[PDB]
Amino acid sequence: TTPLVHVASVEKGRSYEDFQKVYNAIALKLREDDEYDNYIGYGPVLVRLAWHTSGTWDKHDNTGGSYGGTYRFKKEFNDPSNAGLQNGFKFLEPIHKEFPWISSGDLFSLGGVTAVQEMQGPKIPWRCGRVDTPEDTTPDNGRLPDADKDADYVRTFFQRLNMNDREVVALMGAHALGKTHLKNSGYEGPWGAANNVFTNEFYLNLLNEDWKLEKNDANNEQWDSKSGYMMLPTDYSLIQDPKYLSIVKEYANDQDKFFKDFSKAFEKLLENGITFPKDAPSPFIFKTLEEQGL
Ligand code: FMI
């Protein structure tokens with residue numbers, strides 16, 4: 001029961017070039033399967049997948065986390081909190097088939113990095129080495145957060161993932177991506193207009209839109225704006241709490257600062273629970289398809 005240690009182990013003989021190839025395959029498929037979710041594309045769901053497979057981590061005993069790639073097991077696969085992520089997993093299936101040597105954890109996390117970068121977000125340094133672990137290492141459902149709570153809940157919840165106020169506010173900025181789907185979470189609507197482009201729009205919308213607390217078709221409360229945008233109760237709590245509000249304003253006024261902070265927090269999130277040997281490769285920074293002329 002003692003807190004186990006997960007040491008990163010580089011996939012046998014693999015290096016930067018090998019992972020850039022996986023990144024490219026993911027990016028090329030993101031470009032090809034552009035019709036998904038009313039042309040939003042698979043970018044957003046891949047980011048959510050990367051986060052959900054990492055967000056089960058508990059700093060107290062190092063259980064859960066991105067290391068094991070346990071989402072491939074039924075218990076986690078069927079977590080109500082992961083409803084809808086099967087689309088992301090299906091997307092990665094052909095990728096894993098072409099590169100069977102990559103671990104599940106590395107693939108799930110790399111999918112998130114690839115999505116953010118291809119959607120014009122900041123570069124996210126990424127490290128390889130996650131190793132698949134047995135089905136009995138799969139964390140129980142209920143470790144992922146709820147969206148119907150307030151700022152105090154958010155702050156306390158994220159302490160389990162060792163994230164502070166700035167890290168939490170920065171991570172939530174990813175909600176500029178995709179949308180909520182009534183069938184998956186009991187919420188409906190997008191947070192903004194640039195559904196598949198990574199920008200700081202989440203913060204601008206929180207501050208500039210005229211929000212009204214309404215009930216959706218699932219009988220859940222959510223904040224709506226005449227522009228057709230929505231915010232979860234937890235999203236809105238970021239402007240209700242004075243400390244979170246200050247940070248929201250900072251990111252709404254500094255795109256570069258948001259990109260830099262999100263990059264650090266996202267990499268941290270994807271690496272929580274992993275021990276990287278002193279002589280492990282330095283983090284990889286993958287070139288986008290655009291940068292490669294592909
Ligand atoms: C890594 C960034 C990130 C973080 C940190 C983070 C944190 C948290 N998220 Fe969020 N998320 C991200 C990225 C990130 N999210 C993305 C990209 C989406 C869009 C998914 C899609 O469009 O398919 C979504 C969609 C989504 C939805 C709609 C799901 C659906 O109906 O398909 C809900 C209800 C929530 C709830 C919550 C919280 C508030 C409760 C778990 C929360 O704490 N999210």
Side-chain angles (χ1 to χ4, degrees), residues 26 29-55 79-92 108 111-121 144-149 154 168-239 248 251-252 258 262 266 269:
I26 293 172
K29 188 177 176 60
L30 280 174
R31 175 188 286 174
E32 179 59 48
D33 302 351
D34 69 318
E35 70 300 303
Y36 175 76
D37 205 352
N38 288 299
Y39 291 77
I40 289 179
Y42 283 92
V45 70
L46 287 180
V47 173
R48 180 184 174 226
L49 178 61
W51 143 233
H52 281 218
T53 55
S54 305
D79 183 347
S81 298
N82 294 329
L85 290 181
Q86 301 96 319
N87 288 303
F89 183 92
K90 296 300 174 301
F91 172 101
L92 295 175
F108 296 157
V113 166
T114 304
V116 170
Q117 293 195 179
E118 291 299 301
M119 291 192 280
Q120 309 170 223
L144 292 170
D146 301 318
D148 69 333
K149 305 286 191 295
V154 174
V168 167
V169 180
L171 291 169
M172 293 300 166
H175 273 177
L177 307 170
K179 65 185 291 291
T180 59
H181 310 80
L182 202 68
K183 288 289 296 180
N184 298 333
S185 62
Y187 293 103
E188 178 67 32
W191 290 269
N195 306 134
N196 52 26
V197 178
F198 198 95
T199 69
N200 65 163
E201 170 174 25
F202 175 77
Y203 310 101
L204 293 169
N205 290 351
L206 269 173
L207 299 172
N208 300 154
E209 294 296 304
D210 278 344
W211 306 100
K212 295 178 63 175
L213 180 60
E214 311 183 311
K215 265 194 170 181
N216 57 40
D217 291 342
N219 200 205
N220 293 314
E221 292 190 309
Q222 59 175 65
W223 297 84
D224 304 324
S225 74
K226 58 180 59 58
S227 301
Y229 308 155
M230 66 79 72
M231 286 287 153
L232 299 165
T234 54
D235 293 312
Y236 198 84
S237 77
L238 301 181
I239 58 171
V248 165
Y251 291 153
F258 167 53
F262 177 84
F266 196 46
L269 178 74

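For reference, positions follow the sequence shown, starting with 1.
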Reported [atom1]-to-[atom2] distance for the pair [X] and [Y], which is rounded to 0.5 angstrom:
{"X": "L177", "Y": "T199", "atom1": "CG", "atom2": "OG1", "answer": "8.0 Å"}
{"X": "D235", "Y": "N205", "atom1": "CG", "atom2": "CG", "answer": "10.5 Å"}
{"X": "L206", "Y": "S225", "atom1": "CG", "atom2": "OG", "answer": "10.5 Å"}
{"X": "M231", "Y": "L213", "atom1": "CE", "atom2": "CG", "answer": "14.0 Å"}
{"X": "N195", "Y": "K179", "atom1": "CG", "atom2": "NZ", "answer": "9.0 Å"}
{"X": "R31", "Y": "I26", "atom1": "CZ", "atom2": "CD1", "answer": "14.0 Å"}

Mark yes when over 12 heavy atoms from residues, nucleotides or ligands other than [X] sit less than 6.0 Å from its [atom1]; otherwise mark no.
{"X": "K212", "atom1": "NZ", "answer": "no"}
{"X": "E32", "atom1": "CD", "answer": "no"}
{"X": "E214", "atom1": "CD", "answer": "yes"}

Heavy-atom pair with the smallest gap, counting every atom of [X] and [Y]:
{"X": "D148", "Y": "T234", "value": "N-CG2, 4.3 Å"}
{"X": "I239", "Y": "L207", "value": "CG2-CD2, 4.2 Å"}
{"X": "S81", "Y": "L144", "value": "CB-CD1, 3.7 Å"}
{"X": "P44", "Y": "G178", "value": "CG-N, 3.3 Å"}
{"X": "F266", "Y": "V113", "value": "CE2-N, 4.2 Å"}
{"X": "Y187", "Y": "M230", "value": "CB-CE, 4.1 Å"}

Okay, side chain of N216, backbone of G186: is any donor-acceptor separation there less than 3.5 Å?
->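 Answer holds: yes.
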So, the side chain of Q86 versus the backbone of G84: is there a donor-acceptor pair under 3.5 Å, distance only?
->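 Answer holds: yes.
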After noting the C-alpha distance and the side-chain angles of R48 and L85, does the key distance pass the side chain to side chain contact (heavy atoms under 4.5 Å, CB included) rule?
-> CA-CA 8 Å; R48 180 184 174 226; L85 290 181; 3.6 Å; yes
Does the side chain of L49 come within less than 4.5 Å of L92's, by heavy atoms?
->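 In short, these two side chains touch, coming nearer than 4.5 Å.
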So do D37 and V45 actually touch side chain to side chain, heavy atoms under 4.5 Å?
->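 Result no, sub-4.5 Å side-chain heavy-atom pair not found.
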Specify whether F202 and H175 have parallel, tilted or perpendicular ring planes, treating 30° as the upper limit for parallel and 60° as the lower limit for perpendicular.
->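 The arrangement is perpendicular - the two ring planes meet at more than 60°.
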Mutual orientation of the aromatic rings belonging to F258 and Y203 [parallel < 30°, tilted 30-60°, perpendicular > 60°] |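 If you compare the ring of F258 with that of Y203, the planes turn out perpendicular.
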Side-chain donor-acceptor pair under 3.5 Å between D224 and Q222, yes or no?
->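 Yes, because at least one side-chain N or O of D224 sits under 3.5 Å from a partner of the opposite role on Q222.
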Would you tell me whether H52 and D79 have side-chain atoms, one donor and one acceptor, within less than 3.5 Å of each other?
->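 No, because no side-chain N or O of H52 sits under 3.5 Å from a partner of the opposite role on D79.
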For ring-ring contact (aromatic ring centres under 6.0 Å, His included), just list the numbers for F91 and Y36, CA-CA rounded to whole Å, side-chain angles, deciding distance to a tenth of an Å, and then say yes or no.
-> CA-CA 10 Å; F91 172 101; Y36 175 76; 8.6 Å; no
So, are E188 and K183 salt-bridged, with charged N and O less than 4.0 Å apart?
->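 Salt bridge between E188 and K183, a charged N being under 4.0 Å from a carboxylate O: no.
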The single option from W211, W223, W191 passing side chain to side chain contact (heavy atoms under 4.5 Å, CB included) against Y229 =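 Option passing the side chain to side chain contact (heavy atoms under 4.5 Å, CB included) with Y229: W211.
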Where do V116 and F262 land on the side chain to side chain contact (heavy atoms under 4.5 Å, CB included) test, with the steps shown first?
-> CA-CA 10 Å; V116 170; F262 177 84; 4.2 Å; yes
